[PDB]
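Read the structure below first, then the notes.
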Amino acid sequence: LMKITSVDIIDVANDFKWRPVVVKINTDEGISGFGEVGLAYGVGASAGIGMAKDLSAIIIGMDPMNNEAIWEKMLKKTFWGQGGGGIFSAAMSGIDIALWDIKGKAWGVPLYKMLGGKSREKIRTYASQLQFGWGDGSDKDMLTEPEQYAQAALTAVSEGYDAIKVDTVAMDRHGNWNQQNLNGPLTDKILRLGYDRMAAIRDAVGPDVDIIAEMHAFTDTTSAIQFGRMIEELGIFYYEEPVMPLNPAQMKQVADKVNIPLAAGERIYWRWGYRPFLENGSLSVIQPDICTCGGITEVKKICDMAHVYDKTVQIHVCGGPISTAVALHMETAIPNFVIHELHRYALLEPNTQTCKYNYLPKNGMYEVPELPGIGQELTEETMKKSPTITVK
Amino acid sequence: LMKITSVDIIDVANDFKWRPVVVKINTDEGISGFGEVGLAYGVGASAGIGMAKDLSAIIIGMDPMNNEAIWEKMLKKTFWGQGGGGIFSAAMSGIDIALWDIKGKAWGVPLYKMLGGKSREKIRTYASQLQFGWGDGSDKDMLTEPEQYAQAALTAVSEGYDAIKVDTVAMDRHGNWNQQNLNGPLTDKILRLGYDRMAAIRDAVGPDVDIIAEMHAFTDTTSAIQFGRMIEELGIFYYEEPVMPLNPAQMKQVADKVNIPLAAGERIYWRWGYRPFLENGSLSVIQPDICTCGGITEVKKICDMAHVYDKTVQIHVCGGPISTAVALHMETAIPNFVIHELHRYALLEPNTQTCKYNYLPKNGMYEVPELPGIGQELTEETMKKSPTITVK
Amino acid sequence: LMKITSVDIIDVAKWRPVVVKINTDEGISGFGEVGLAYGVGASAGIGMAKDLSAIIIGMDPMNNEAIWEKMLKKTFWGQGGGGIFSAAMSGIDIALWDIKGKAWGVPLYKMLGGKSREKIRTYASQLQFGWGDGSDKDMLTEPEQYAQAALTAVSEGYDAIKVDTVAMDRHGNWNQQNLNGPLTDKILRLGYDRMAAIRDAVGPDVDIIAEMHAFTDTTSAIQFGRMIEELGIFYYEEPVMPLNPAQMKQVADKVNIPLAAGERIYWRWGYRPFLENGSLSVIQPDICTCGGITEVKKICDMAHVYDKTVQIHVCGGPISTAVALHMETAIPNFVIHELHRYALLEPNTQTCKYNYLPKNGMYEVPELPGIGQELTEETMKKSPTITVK
Amino acid sequence: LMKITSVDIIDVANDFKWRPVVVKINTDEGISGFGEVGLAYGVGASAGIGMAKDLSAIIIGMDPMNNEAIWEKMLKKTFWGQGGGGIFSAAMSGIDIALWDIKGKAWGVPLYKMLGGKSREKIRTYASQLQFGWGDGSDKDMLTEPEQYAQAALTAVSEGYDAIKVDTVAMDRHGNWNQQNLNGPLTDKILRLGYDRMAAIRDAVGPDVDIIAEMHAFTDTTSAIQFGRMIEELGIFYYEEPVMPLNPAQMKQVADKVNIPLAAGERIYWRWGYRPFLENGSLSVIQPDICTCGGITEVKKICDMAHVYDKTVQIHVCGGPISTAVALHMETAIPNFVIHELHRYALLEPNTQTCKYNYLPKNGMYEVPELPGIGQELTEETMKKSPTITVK
Ligand SMILES: [Mg+2]
Ligand SMILES: [Mg+2]
Ligand SMILES: [Mg+2]
Ligand SMILES: [Mg+2]
């Protein structure tokens, strides 16, 4: 049997703010696994590093082949595991991913096969976050006008995407992001702008291009209902994060009043996190992030449990190539996949250059990696220039 | 990629009615996988053979590595899969187990490792169904008197077992098995015999040997409650199948009125079958049979879902060596294992000689197989003399 | 008292109707049918009927209640339920009612509580495969073809049709798209365009049932149902599978069309959660799949408390048709009878002794003792048969 | 108006693993506030440091008087706040407390007056975690025998304590802590030891000393019920953390089956975390830790909301003197207080020397600090030798 000998927690140096963090798990047989901690944006990345560092201390000396036992150890033997949480879970996730990488390298087998094989040959993708533009030379667009939203959609369509996602509310008319109060009942003008932008897209792309309406949970229950009712007639594919998950009854209230399938999951963690949303019937599409919401071991369980309640799965992807890789593996294997999320930045050099292999979509579709393990690793150059903590 | 080229459905010849049925899936690469259809007792083994035969027709030519996709095809593309059922499920299960056998043989790895590794080093066992005796020369005991029940428990203890299970109700005083009407409110004498037998066991073995009370769903709600209340004081480990699963509210009513943890699951199939019992909180211990209740792919998902509602798992085992092997692998990998079921016949030559390898418990503990795949196969001699349908 | 002496389990000479023939020492034989003639599982139904027959040899066939309870309670696997298990149970059960009627010289409907109606209204079922003669093969693709097939059925006197307009793609492939989850508009727009073409052709006074075969899931069932609401849909059949009854309730909550299901829902126990959750308006048990005469009568009775009406699911041979007609004659809560095209045609009807055909969209019930239907001697001669004694 | 100018995140050096972490918030007016991040034990203190660091970045420049607006910013403008979590919450908490310390210093008023004044003159205390002994020279103990547990209780009573808490289950007979599997149905001997130790205590102290049974969530639903039913007759004051909070229905199941009032809260965070336990009626006593479960702003709100459902409050305290101080203030102001938690280590030199002031219980009772703010600060000497990150 192999033994974990050290773990590196890598604060990935990049040219893009943006803080991808990688877990590299090392064995006495010289097989190393790579995982990603999914807190690259928002406020928390330093906490993910210290969390990954703290959890690493407790797995040194263990057999990395025992992912189920290691997952449950991190849940049950850490004290704070049993109260749950996003920082806790994201660090767990990176470690878990790295254990599956090792597992696949040990056997010479790509992740998807270890998750039950090839349930589909190609992965349908959508162009994500169109409020920030699409196409080359759109690298920091802050779109304000309906016509600009329509044009970004059309550019994505011309690139072979038959689905887009967009938050049309959170940018004000002056290009300020998320600086208005969108909680409670809102004056018509605040949401009419969002409506006109969305209706411009639909008018431009026609009925056979799917549109996902993303709210980022910047709205609350009331404003999420008010906006969702407005966009109902636009044929919305699903309605993402209308409200935060802290009281699951609020999501149910949105679902009761808005006739569009709801999606959430990037901020819902583990099977326990999803449970109340499966039981209350509020979600149609679930969006766990493999790098945030529990790792490969737990997200597979999530997807399997959600199938009982007829949910389909769009993995949330907002990190480095490692995050993309593991998402493609999961989406390839599961029966209840719907669509993959592609950010514009994920195609770009400062992202792709961090890692050894470059998997890119063609005509709106990905194919799964075929190398042993997750099929993705940081380059040596990135590791050399990235501040690193090493636990042994 | 490999291809399924033929499937043999094997009506296993044995010296023991008893009708073990084996599914042997063969590939163009010469790797064959073995699985078991768990209908060896009760009424329906011939139907399981014809079911396996019919399902085999739709998997010929498929890549056997895609067990997720194949499982979902058997659910969704058969018509009858989507109505569920025990015969349908048991055939699916035998095919599914054979697919994991292939997977393990392809990679050179034992099953427990592909299910997430070795979560425990030994597997605790109970001596099951003591009403039929225990010890050598007890080969068709039909025990009637409390003292006989005590003695059989004591024999089991002397062999290193620190837990037993027994149905003390279904034998009448004359040695007739399941021939009284045990439905509705019952005269005290009918259940007093059961209680007296159970109390004799507890007195004989003391407090530190566990007793499971098995009812085989021969009782209904009213009599299960009447009996469960009587035996509460005897320190019952769990109370098994007090009522059939067809209306899950009935199990809940028993749970509310009886202060012993309930167990069930050998006649409850798939994630969908467990769902109402998880949601209504009636079961403390779940008992899926891997060979009846959906195979490896599905019973792993059952066990994972059950952990959210704090259920522990005793795999139901009542078939040949193949059934025991797959149970051991599942029980080694899962976090939420409690105990393994050992029947007396499973130790005996007419059972063990059907298969190539001989895994036997020692001082009430099993260890898991280590050979590639499930680590168990029929012998060539058994396959030679066993009536076989071949699908190609 | 008579005694069962033997049972023949008959593989009637993909399409695999299976017949149970129960034989007595008094020379009365009863016929029933195991309702797995399509899908995957007919060989299992044979083995199941074989195994179940072993437990009824030597029994008085007049005791159908005790025999049904024995198959539930004394088989082990009965108490976990299931479609193969229930279908074999059904075929045996039907044969026992046949014996009972033959013994007394009375037709089944009378033994089920009499003639509650004189005629049985029928719909032309599964129009995506065409209607009329020479439409044996048909795999219809275009909206106008769907309307034409509907119009043909109307001209034969049918005032109601059923059609699945979604399961055939534009190229005539059957059930080869993924219809799970939220769907691109075009995938369902084709089904809508087909359905709206039928409505426009037949007018408001011809009923249309939308059949989904549970090929959709909750999300896509809701998306399609909402699309077709405006078309005046009679009911909306099997939008989702029955495995989690809460899913059916979710479709019912979001789609303003009465829901129907039952061909894959078995026994009083299987119907219970759908009665308690309010999801179904119309129930569709198959007498040959979902428990037999004894049990399907109880299903119909229980459903009446919850104001459900009943369309028996019929997709088998003439024996299946016969027993449906008897049940639908006696029950108070009948709505409509299902007629498939193939059921009218020689290869189906020739298997059996008597030919009950509808006229002007109406059936009448058989009047002979028992179920009033039997395999011909010639069919039994050439059909592979297991005999249990 | 004042401005936050810098924040020090202090890894408190100490002669006790044990990792107190202090947030010191510094203003343009030279008023500094002290808070504590409640993650001093278990796995995750490094995460709490990085989380406090990341959160501090967002409040530099803000008016520290606006604790409501700062709290909601940390909730709403961080992304991850809206998914919740223990590390996230604990860092928010340290910051929040330091804001109230500033507020009280600015006005010249102790915290309790700012929380609604003095609702009681003394604060009743229990001697906590008796499995580790009580008295001087016990720093030390890993108690195994019933008689030892009885003696520790007697020593506590002699010091003026009329209440104790103890986990009698998690030490085995050999003095190993939390090393047995306590999930699922359990053989009698595992719990009989715990029962005997607890009955020994009750016999020793008589009826008028309160005993709290602490379980640490090392049990699950089934074993929590098994043990609670055994100790029912011993007159247990409340039953603490019988099961983890991840599925609130599990707490409800213990409540239904065990006739002892339940307590939990050290791993339940914010109003939103308590909500389902209030709605389902499972908890009788709530135990939020001010340093983990949201800070003073949020924990006040928790106690107020809980009062509608007739819950009483025992603040969870297991950190440094700053933790104690803030707990005393909250418990003084709120109407629905029951009892205070005192660990042995909290009286000891390595703990108390970390901070400027020494508040000690007398005869089982504490009194509240009276200085401006929380009335507690690290010493200059501690701050000099403590590894410190400064954000500005
Ligand atoms: Mg999002
Ligand atoms: Mg059993
Ligand atoms: Mg149908
Ligand atoms: Mg505690």
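Every chain in the structure tokens takes a letter, A first, then B, and so on in the order presented; its residues are numbered from 1, and the ligands are numbered from 1 following the presented order.
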
Residue hits in chain A, query chain D, radius 9 Å, only C-alpha atoms, as a ChimeraX atom specification: /A:39,41-55,58,74,76-89,216-218,244-247,266-269,272-273,275-276

Take the residues just selected and output them with C-alpha atoms as a CSV table (one decimal), in the first residue's frame.
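So out_28.csv came out as:
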```csv
chain,number,residue,atom,x,y,z
A,39,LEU,CA,-12.8,29.8,-3.8
A,41,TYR,CA,-13.4,34.7,-6.5
A,42,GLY,CA,-15.4,36.4,-3.7
A,43,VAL,CA,-13.9,36.7,-0.2
A,44,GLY,CA,-12.3,33.5,1.3
A,45,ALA,CA,-9.3,32.3,-0.7
A,46,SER,CA,-6.8,32.7,2.2
A,47,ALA,CA,-9.1,30.7,4.4
A,48,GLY,CA,-9.3,27.9,1.9
A,49,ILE,CA,-5.4,27.8,2.0
A,50,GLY,CA,-5.3,27.5,5.8
A,51,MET,CA,-8.2,25.0,5.8
A,52,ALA,CA,-6.4,22.8,3.2
A,53,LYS,CA,-3.3,23.1,5.3
A,54,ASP,CA,-5.1,22.1,8.5
A,55,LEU,CA,-6.9,19.2,6.9
A,58,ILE,CA,-4.7,14.7,9.4
A,74,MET,CA,-12.7,15.0,7.4
A,76,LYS,CA,-16.4,13.4,11.6
A,77,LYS,CA,-12.9,13.8,13.2
A,78,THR,CA,-12.3,17.5,12.6
A,79,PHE,CA,-15.1,18.8,14.9
A,80,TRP,CA,-16.1,21.7,12.6
A,81,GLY,CA,-16.8,19.2,9.8
A,82,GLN,CA,-20.1,18.4,11.4
A,83,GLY,CA,-21.3,22.0,11.3
A,84,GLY,CA,-20.6,22.2,7.6
A,85,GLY,CA,-19.6,25.3,5.6
A,86,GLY,CA,-18.3,26.6,2.3
A,87,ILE,CA,-14.6,27.2,3.3
A,88,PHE,CA,-14.5,23.9,5.1
A,89,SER,CA,-16.1,22.0,2.1
A,216,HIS,CA,-26.2,35.6,-8.3
A,217,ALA,CA,-28.5,35.7,-5.2
A,218,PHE,CA,-28.3,39.6,-5.4
A,244,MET,CA,-29.6,32.4,-1.2
A,245,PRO,CA,-30.0,28.9,0.2
A,246,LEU,CA,-29.8,29.7,4.0
A,247,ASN,CA,-33.6,29.3,4.5
A,266,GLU,CA,-22.7,26.6,-6.2
A,267,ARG,CA,-23.3,27.6,-2.5
A,268,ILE,CA,-25.1,24.4,-1.4
A,269,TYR,CA,-22.8,21.8,0.0
A,272,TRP,CA,-27.0,17.2,3.5
A,273,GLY,CA,-27.0,20.7,1.8
A,275,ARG,CA,-31.5,17.4,0.9
A,276,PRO,CA,-34.0,20.2,1.9
```

Chain C contacts on chain A, only C-alpha atoms, 9 Å, as number ranges by chain: A: 207-210, 235, 237-238, 259, 261, 281, 284-285, 308-313, 336-338

Between atom CA of residue A:154 and atom CA of residue A:211, distance in Å (one decimal):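 Distance between the two atoms: 12.1 Å.
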
Just list the residues in stretch 140-370 of chain A DSSP gives strand (DSSP E) on the backbone, as a PDB file with C-alpha atoms, in the first residue's frame.
```
ATOM      1  CA  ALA A 163     -27.080  28.386 -25.161  1.00  0.00           C
ATOM      2  CA  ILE A 164     -25.992  31.436 -23.158  1.00  0.00           C
ATOM      3  CA  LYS A 165     -26.315  32.608 -19.557  1.00  0.00           C
ATOM      4  CA  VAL A 166     -26.588  36.211 -18.458  1.00  0.00           C
ATOM      5  CA  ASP A 210     -31.300  28.597 -24.846  1.00  0.00           C
ATOM      6  CA  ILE A 211     -31.149  31.487 -22.368  1.00  0.00           C
ATOM      7  CA  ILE A 212     -30.276  31.012 -18.657  1.00  0.00           C
ATOM      8  CA  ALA A 213     -31.145  33.914 -16.379  1.00  0.00           C
ATOM      9  CA  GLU A 214     -28.575  34.260 -13.597  1.00  0.00           C
ATOM     10  CA  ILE A 236     -36.007  30.955 -20.076  1.00  0.00           C
ATOM     11  CA  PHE A 237     -34.083  27.607 -19.869  1.00  0.00           C
ATOM     12  CA  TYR A 238     -33.668  27.924 -16.112  1.00  0.00           C
ATOM     13  CA  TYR A 239     -33.459  30.657 -13.477  1.00  0.00           C
ATOM     14  CA  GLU A 240     -30.246  30.491 -11.479  1.00  0.00           C
ATOM     15  CA  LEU A 262     -35.016  26.961 -10.811  1.00  0.00           C
ATOM     16  CA  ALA A 263     -31.329  26.127 -10.550  1.00  0.00           C
ATOM     17  CA  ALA A 264     -28.895  26.479  -7.644  1.00  0.00           C
ATOM     18  CA  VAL A 285     -31.478  21.791 -11.987  1.00  0.00           C
ATOM     19  CA  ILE A 286     -28.680  21.415  -9.416  1.00  0.00           C
ATOM     20  CA  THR A 312     -30.652  17.269 -13.858  1.00  0.00           C
ATOM     21  CA  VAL A 313     -27.119  18.508 -13.317  1.00  0.00           C
ATOM     22  CA  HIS A 340     -21.781  22.517 -19.014  1.00  0.00           C
ATOM     23  CA  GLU A 341     -20.818  26.085 -18.041  1.00  0.00           C
ATOM     24  CA  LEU A 342     -18.043  27.799 -20.019  1.00  0.00           C
ATOM     25  CA  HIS A 343     -16.547  31.111 -18.954  1.00  0.00           C
ATOM     26  CA  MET A 365     -19.069  20.851 -27.235  1.00  0.00           C
ATOM     27  CA  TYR A 366     -16.346  19.437 -25.029  1.00  0.00           C
TER      28      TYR A 366
END
```

Point-to-point distance in Å for atom CA of residue A:182 and atom CA of residue D:4: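 Taking atom CA of residue D:4 and atom CA of residue A:182, their separation equals 27.2 Å.
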
DSSP helix (DSSP H, G or I) residues within stretch 72-270 of chain D, listed as a ChimeraX atom specification: /D:72-76,80-83,86-107,111-114,130-132,146-158,188-205,221-234,248-257,270

Nearby residues (only C-alpha atoms) at most 10 Å from residue C:159, same-chain spacing under 4 positions excluded, as JSON, numbers by chain: {"C": [121, 122, 123, 124, 150, 153, 154, 155, 202, 205, 206, 207, 208, 360, 361, 362]}

Minimum-distance residue to residue D:249, chosen among B:122, B:352, B:280, B:68 (using only C-alpha atoms):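 Answer, going by the shortest atom-to-atom distance: B:280.
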
Shell around residue B:145 at 10 Å using only C-alpha atoms, local window under 3 positions removed, as a list in words: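 In the requested form, the answer reads residues 131, 142, 148, 149, 150, 168, 171, 172, 173, 174, 175, 193, 194, 196, 197 and 200 of chain B.
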
Enumerate as a PDB file with N, CA and C atoms, in the first residue's frame the residues within 8 Å of ligand 3, counting only C-alpha atoms and all ligand atoms.
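Generated output (out.pdb):
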```
ATOM      1  N   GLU C 211     -50.423  11.346 -25.049  1.00  0.00           N
ATOM      2  CA  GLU C 211     -49.701  10.239 -24.441  1.00  0.00           C
ATOM      3  C   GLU C 211     -48.205  10.555 -24.468  1.00  0.00           C
ATOM      4  N   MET C 212     -47.510  10.282 -23.360  1.00  0.00           N
ATOM      5  CA  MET C 212     -46.087  10.603 -23.244  1.00  0.00           C
ATOM      6  C   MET C 212     -45.205   9.363 -23.000  1.00  0.00           C
ATOM      7  N   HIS C 213     -45.835   8.237 -22.688  1.00  0.00           N
ATOM      8  CA  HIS C 213     -45.148   6.956 -22.424  1.00  0.00           C
ATOM      9  C   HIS C 213     -44.098   7.015 -21.308  1.00  0.00           C
ATOM     10  N   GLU C 237     -51.436  11.547 -20.475  1.00  0.00           N
ATOM     11  CA  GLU C 237     -51.176  10.196 -19.968  1.00  0.00           C
ATOM     12  C   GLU C 237     -49.699   9.941 -19.701  1.00  0.00           C
ATOM     13  N   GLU C 238     -49.411   9.350 -18.538  1.00  0.00           N
ATOM     14  CA  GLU C 238     -48.057   8.995 -18.140  1.00  0.00           C
ATOM     15  C   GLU C 238     -46.997  10.060 -18.383  1.00  0.00           C
ATOM     16  N   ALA C 261     -52.680   7.871 -15.465  1.00  0.00           N
ATOM     17  CA  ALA C 261     -51.616   6.869 -15.468  1.00  0.00           C
ATOM     18  C   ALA C 261     -52.192   5.607 -14.899  1.00  0.00           C
ATOM     19  N   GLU C 263     -50.886   2.022 -16.167  1.00  0.00           N
ATOM     20  CA  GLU C 263     -50.382   0.796 -16.798  1.00  0.00           C
ATOM     21  C   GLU C 263     -49.135   0.231 -16.130  1.00  0.00           C
ATOM     22  N   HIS C 313     -56.236  -0.016 -19.277  1.00  0.00           N
ATOM     23  CA  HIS C 313     -55.176  -0.084 -20.255  1.00  0.00           C
ATOM     24  C   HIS C 313     -55.304  -1.406 -20.996  1.00  0.00           C
TER      25      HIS C 313
END
```

Surrounding residues of residue D:134 excluding itself and chain neighbours under 6 positions, 8 Å, only C-alpha atoms, as a PyMOL selection string: chain D and resi 152-153+155-156+344

Residue subset to file, keeping N, CA and C atoms, as a PDB file, in the first residue's frame:
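Okay, result-v8.pdb is ready:
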```pdb
ATOM      1  N   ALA D 152     -14.439  13.342  40.845  1.00  0.00           N
ATOM      2  CA  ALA D 152     -14.320  14.623  40.137  1.00  0.00           C
ATOM      3  C   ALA D 152     -15.543  15.523  40.378  1.00  0.00           C
ATOM      4  N   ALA D 153     -16.732  14.929  40.333  1.00  0.00           N
ATOM      5  CA  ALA D 153     -17.980  15.649  40.587  1.00  0.00           C
ATOM      6  C   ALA D 153     -18.007  16.201  42.004  1.00  0.00           C
ATOM      7  N   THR D 155     -15.421  16.884  43.985  1.00  0.00           N
ATOM      8  CA  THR D 155     -14.457  17.985  44.010  1.00  0.00           C
ATOM      9  C   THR D 155     -15.030  19.294  43.451  1.00  0.00           C
ATOM     10  N   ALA D 156     -15.830  19.191  42.389  1.00  0.00           N
ATOM     11  CA  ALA D 156     -16.468  20.372  41.804  1.00  0.00           C
ATOM     12  C   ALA D 156     -17.488  20.966  42.762  1.00  0.00           C
ATOM     13  N   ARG D 344     -12.225  23.850  33.255  1.00  0.00           N
ATOM     14  CA  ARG D 344     -11.118  23.912  34.220  1.00  0.00           C
ATOM     15  C   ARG D 344      -9.926  24.750  33.727  1.00  0.00           C
TER      16      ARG D 344
END
```

Nearby residues (only C-alpha atoms) at most 7 Å from residue B:66, same-chain spacing under 2 positions excluded, as a list in words: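 Listing them by chain and then by number gives residues 116, 117, 118 and 119 of chain A; 63, 64, 68, 69 and 70 of chain B.
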
Same residues, C-alpha atoms, output as a PDB file, in the first residue's frame:
```pdb
ATOM      1  CA  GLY A 116     -19.160   4.611 -14.052  1.00  0.00           C
ATOM      2  CA  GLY A 117     -18.081   5.206 -17.628  1.00  0.00           C
ATOM      3  CA  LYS A 118     -19.090   7.066 -20.761  1.00  0.00           C
ATOM      4  CA  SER A 119     -22.801   7.925 -20.582  1.00  0.00           C
TER       5      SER A 119
ATOM      6  CA  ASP B  63     -19.163  -1.643 -23.727  1.00  0.00           C
ATOM      7  CA  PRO B  64     -19.420  -3.273 -20.291  1.00  0.00           C
ATOM      8  CA  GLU B  68     -24.005   3.733 -15.215  1.00  0.00           C
ATOM      9  CA  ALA B  69     -25.333   3.947 -18.791  1.00  0.00           C
ATOM     10  CA  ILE B  70     -26.297   0.271 -18.868  1.00  0.00           C
TER      11      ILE B  70
END
```

Shell around residue A:93 at 8 Å using only C-alpha atoms, local window under 3 positions removed, as number ranges by chain: A: 35-38, 89-90, 96-97, 290-296

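Between atom CA of residue B:322 and atom CA of residue B:22 the interatomic distance comes to 8.6 Å.
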
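For the residues B:187, B:332, B:26, B:32, ranking by smallest atom-to-atom distance to residue B:300 using only C-alpha atoms places B:332 first.
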
B:139, B:188, B:15, B:289 ranked by distance to ligand 2, top pick (using only C-alpha atoms and all ligand atoms):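 Going through B:139, B:188, B:15, B:289 one by one, the smallest distance to ligand 2 is for B:289.
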